[PDB]
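# Quick one, what's the 3D model for this:
(chains A and B, ligands or ions: 8)
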Amino acid sequence: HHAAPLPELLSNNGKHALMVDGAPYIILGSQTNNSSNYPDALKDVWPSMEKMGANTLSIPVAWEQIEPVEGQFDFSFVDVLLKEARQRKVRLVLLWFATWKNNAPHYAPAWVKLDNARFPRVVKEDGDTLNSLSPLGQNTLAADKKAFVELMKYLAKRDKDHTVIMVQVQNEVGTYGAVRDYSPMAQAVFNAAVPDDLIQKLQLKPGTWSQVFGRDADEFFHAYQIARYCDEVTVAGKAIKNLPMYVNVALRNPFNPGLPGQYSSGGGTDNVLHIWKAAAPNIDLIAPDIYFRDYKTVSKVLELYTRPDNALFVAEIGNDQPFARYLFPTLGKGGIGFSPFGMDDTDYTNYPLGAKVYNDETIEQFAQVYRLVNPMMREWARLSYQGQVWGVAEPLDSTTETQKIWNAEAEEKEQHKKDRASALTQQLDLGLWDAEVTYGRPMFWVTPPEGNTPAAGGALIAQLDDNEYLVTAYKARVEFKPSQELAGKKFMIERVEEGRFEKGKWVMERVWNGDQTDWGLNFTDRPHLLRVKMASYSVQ
Amino acid sequence: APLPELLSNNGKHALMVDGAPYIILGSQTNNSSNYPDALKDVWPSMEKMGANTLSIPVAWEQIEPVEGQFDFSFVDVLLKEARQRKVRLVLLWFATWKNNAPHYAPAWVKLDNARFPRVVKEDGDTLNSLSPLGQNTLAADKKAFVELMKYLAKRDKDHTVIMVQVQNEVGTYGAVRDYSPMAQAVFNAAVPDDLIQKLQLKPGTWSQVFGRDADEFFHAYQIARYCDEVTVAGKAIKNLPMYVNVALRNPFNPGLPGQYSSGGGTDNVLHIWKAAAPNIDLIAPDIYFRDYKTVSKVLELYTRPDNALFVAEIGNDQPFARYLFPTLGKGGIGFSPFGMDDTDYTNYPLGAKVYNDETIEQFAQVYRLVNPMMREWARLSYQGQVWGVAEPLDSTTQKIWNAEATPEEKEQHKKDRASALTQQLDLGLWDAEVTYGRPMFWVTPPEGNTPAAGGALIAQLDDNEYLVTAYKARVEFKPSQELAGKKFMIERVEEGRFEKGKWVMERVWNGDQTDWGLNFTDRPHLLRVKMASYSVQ
Ligand SMILES: *[C@@H]1[C@H](O)[C@@H](O)[C@@H](O)[C@@H](CO)[C@H]1O
Ligand SMILES: *[C@@H]1[C@H](O)[C@@H](O)[C@@H](O)[C@@H](CO)[C@H]1O
Ligand code: NA
Ligand code: NA
Ligand code: NA
Ligand code: NA
Ligand code: NA
Ligand code: NA
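Residues are numbered from 1 along each chain as shown, chains lettered A, B, ... in the order given. Ligands and ions are numbered 1, 2, ... in the order given. Structure data below:
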């Protein structure tokens, strides 16, 4: 009665897919608050997930809850979770909160986190101790592995249709307040030769850590040791059940990071991705956690984490209104998923990170974008993997009260308007055709774009054939034109159809024509999925 | 079922109801709701409030409208309707005094001055305040009070009525004492031996013994004796707890007796009251001061080794709700907001200008923190260690000065406010810091709620374990003493509830929910917090 293929992350042609039930899949995700991982809290999780239209829930499973006393395992939460997820026909990503949760051992059992002699903490260069477990603690590694193995044996036994499609190993590893462990135990490894395997993979000359890496030795050392720790846990679990597994990064600012220890040292930050990929070959991907609000910073993060060797998964993102539009470039980069944080009614907000008020309007900002993708999820996922997709978001953030003042003053207003219109105009090269995406304009005539208030728009395009595209967009205009000069030919829209996929087959609902195609393709907040066919034609 | 009883032991107190400590999460009616037809306008509010006990008058005029012709028809209906709703009652005996006056004494009492005489001023004019030296008045009040207690003895065997208030706000406005010939004959004479013995003073006349306090202390003594005799007579029928409620003088700047209600249990005569009326179980403050400092001072003065704290009347406007927390943290046995019914009356500017669902909800939200643990809290308060705090700045009035202010005076002002909105509690090995009006994430300093509203309750369960619930506040734990090289953490925070006296865990708070203290909004959460120190060397 259970014949479904394991989920798997595939990588080729520099592109990636999360295979679920034997085909590409997109996680249109929701993630709970940090204290929702108990049976009694789930009634405060599912309603939000339904309102959001999410297909996949990310939720912790804590070491402390599965092994409250050493060797006495308790999977009562996982049992209820699996059953309730199945009732609602959603899938799960389990977050293993264990040796590290945001740098710290708070979710390790008391017999772990209160026994430093057995399970040692990072020691600073000055001799003081931080509440961050050292990745050189061999007992810690053994005990985390043992518990993780038991979790994976529970899923092997009790989740044969793979309700759980992926597992996050740890949560935001690293250390705040120091660059590495400086304990005697750590110093002995630091003072010794860099392991051959790393030297070989990075194509460097042999030496000790300080000799090989200079001023980067302390940070690279901590990243290597954490990555090896996480890889060993990962390998042990996959030996039981070979699900995709990943780590999530407490990001450093990519333009102005500050110093390791200010940001979480040793996690998969952009400067140690090479270390993590060398050190942890069994981990499937390294996922950014995004709480930067501004378009330029978010865009840079998506660029850094989308690599031929690294599928893009936005494992955590804020739940305030500005964040919703980042679904569009995430999917346009070939991303496999997107998981806004704090999507439950458990009476907590991490404002000022996320939304100040958690209510139906908060959820609706995400529901409105997920409604663009849900009706085509499998078709999009395949085109993303096997084809050409594009995706953009509105590239100016909302005007501040600062800019609000500097506007009341200003001939200057007119130039500013021109500059904003240009910035709110995006070009995409789709082969024989280009698209121009603009934001915040009427659905008729050609008044320049002025942006949405607040910033919110975006667009998704997939290429179906040389002259045919799937298009859906949000609070935006999409206009097509030839990509190269036509040698005396004219061009037009040949046909725009609005429709849907049913059992993989396109069903046309209506043709957009006349006013609906004279002024580009204009989208509001409501979902429309279009197939657009362009033509060039001779006039003699 | 066992009689309710007020216990006092080890300077602590409990109201025992059904053989265990109980907290009155009270509602009190308006003054004209003591009739069967009005009760339909009382119960819906009580239900919305989540109150467990109703305080309501029973008037001498209604039970004895004609001398010797008793009528308990209201008491019957009340008992039956209270039982239907599974709530308890505190009956307020409105008789010789209600707010200094005899308006609730039967017409055959209050219109017969020669039989039942009034206070006479020094100048010979008469006040509408019955003299405590009227022996007829004492006998008549006592007789009727006895009949009421007989009704409860015969008709309330399960003690729906758990306590009785004897009179309401006794004393006299407009004069310090009775200066009638009858009163002068007693005043111009020896202080009674018993009072001299209990205060350890030298024998003499009132004037000799007490000097410039004589007049006021005389009035307080004679009213206390009156109230004790009524009390004793009633308890001899049915030995319920019985108390008196005080029209407070301002504790910082009282003015003169007569301006405030002279002779009641004001803070300067609590020694007289305790000496003269040993059968009265407690003296309860009636609080209509809105401001934190005065309210706090009142709670301090009335919480004594010899006096259980019962807030027998408090305003029903929004600022008053948060005073439940310090009341319970002092080991108070109850709290009773006034005017909780829909009988088309507001005592604004004392209470709320508007009575509506929002008015009630400000109290419902704090009662919802206590109801789920009421019996457990009550036992901890008596037998153990509890604490409770309220947000210590009132709502900003001040906004003129904040407007005219340098961006140096302002940053100074926000720092001063942050410090004032930070409270420290010494819980033994561990301290708690309580702050008000800040996000649930990071450490931006407190700026207070608007309006002021927050508070916290803590009970100690063990050396390192506390029961915690709070409201629009952050609670953070730290070691109370330097740890000598050890570190510390929260070991475990559990949200849960008591079922059959047993703790049931619903979820564990961790991660974001414990990284930045324990953050509470308007919604109820009951936590068990276990702290640990641990070696790193
Ligand atoms: C991301 C992190 O993974 C998550 O558990 C939570 O701590 C949030 C903040 O609310 C982020 O730090
Ligand atoms: C307190 C008093 O006991 C009560 O009956 C009522 O008169 C109020 C005012 O509305 C307070 O004086
Ligand atoms: Na092209
Ligand atoms: Na449609
Ligand atoms: Na008590
Ligand atoms: Na202490
Ligand atoms: Na101390
Ligand atoms: Na609860």
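# so which strand or helix has the residue in the stretch 251-400 of chain A positioned nearest to ligand 7?
Residue nearest to ligand 7 within the stretch 251-400 of chain A: residue A:348 (30.5 Å; C-beta to the ion). Just so you know, the C-beta spots here come from the backbone N, C-alpha and C atoms, and that holds for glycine as well. Here residue A:348 is covered by no helix or strand, with elements defined by DSSP states H and E.
# if I pick it, what's in contact with it?
Contacts for residue A:348 (C-beta atoms under 8 Å, 6 or more residues apart in numbering or on different chains) come out as A:33, A:35, A:342, B:440, B:512-513, B:519.
# let's see 6 Å
Taking C-beta atoms under 6 Å, 6 or more residues apart in numbering or on different chains, we find residue A:348 in contact with A:33, B:440.
# can you check residue A:261 too?
So residue A:261 contacts A:177-179 (C-beta under 6 Å, 6+ apart).
# Tell me which residues of stretch A:257-267 come out buried.
Of the residues in stretch A:257-267, A:260-261, A:263-267 count as buried by neighbour count, 16 or more other C-beta atoms under 10 Å in any protein chain shown.
# Quick one, which of the contacts of residue A:261 are buried?
Buried among these by 16+ other C-beta under 10 Å: A:178-179.
# Name the helix or strand for the nearest residue to residue A:251 once chain neighbours are set aside, please.
Take residue A:251 and drop its neighbours on the chain: the residue closest to it by C-beta to C-beta, 6 or more residues apart in numbering or on different chains is residue A:288, 5.7 Å away. Assigned by DSSP H and E, residue A:288 belongs to strand A:285-290.
# and the closest residue to ligand 5 within the stretch 201-350 of chain A, what is it in contact with?
Nearest residue of the stretch 201-350 of chain A to ligand 5 (C-beta to the ion) works out as residue A:347 at 29.6 Å. Neighbouring residues of residue A:347 by C-beta under 6 Å, 6+ apart: B:521, B:523.
# what comes into contact with stretch A:477-495?
Here stretch A:477-495 has contacts from A:429, A:432-438, A:441, A:459, A:471, A:517, A:520-522, A:533-539, using C-beta under 6 Å, 6+ apart.
# which other helices and strands contact the strand holding residue A:288?
In terms of contact count using 3 or more C-beta pairs under 6 Å, 6 or more residues apart in numbering or on different chains; DSSP states H and E, strand A:285-290 is assigned the packing partners strand A:245-250, helix A:295-305, strand A:313-317.
# Mind checking the ones you listed for the one nearest to ligand 2?
Nearest to ligand 2, of all these, is strand A:313-317, at 54.9 Å by C-beta to the nearest ligand atom.
# which helices and strands sit right next to whichever helix or strand comes after that closest one?
Going down the chain from strand A:313-317, the next helix or strand is helix A:327-332, by DSSP H and E. The helices and strands touching helix A:327-332, judged by 3+ C-beta pairs under 6 Å, 6+ apart, are strand A:389-393.
# now with 7 Å?
Judged by 3 or more C-beta pairs under 7 Å, 6 or more residues apart in numbering or on different chains; DSSP states H and E, helix A:327-332 is in contact with helix A:295-305, strand A:389-393, strand A:458-465.
# contacting residues around the residue lying closest to residue A:113 once chain neighbours are set aside?
Leaving out its chain neighbours, the residue that sits closest to residue A:113 by C-beta to C-beta, 6+ apart is residue A:105, at 4.3 Å. Contacts of residue A:105 were listed using C-beta atoms under 7 Å, 6 or more residues apart in numbering or on different chains, and they are A:99, A:112-113, A:133.
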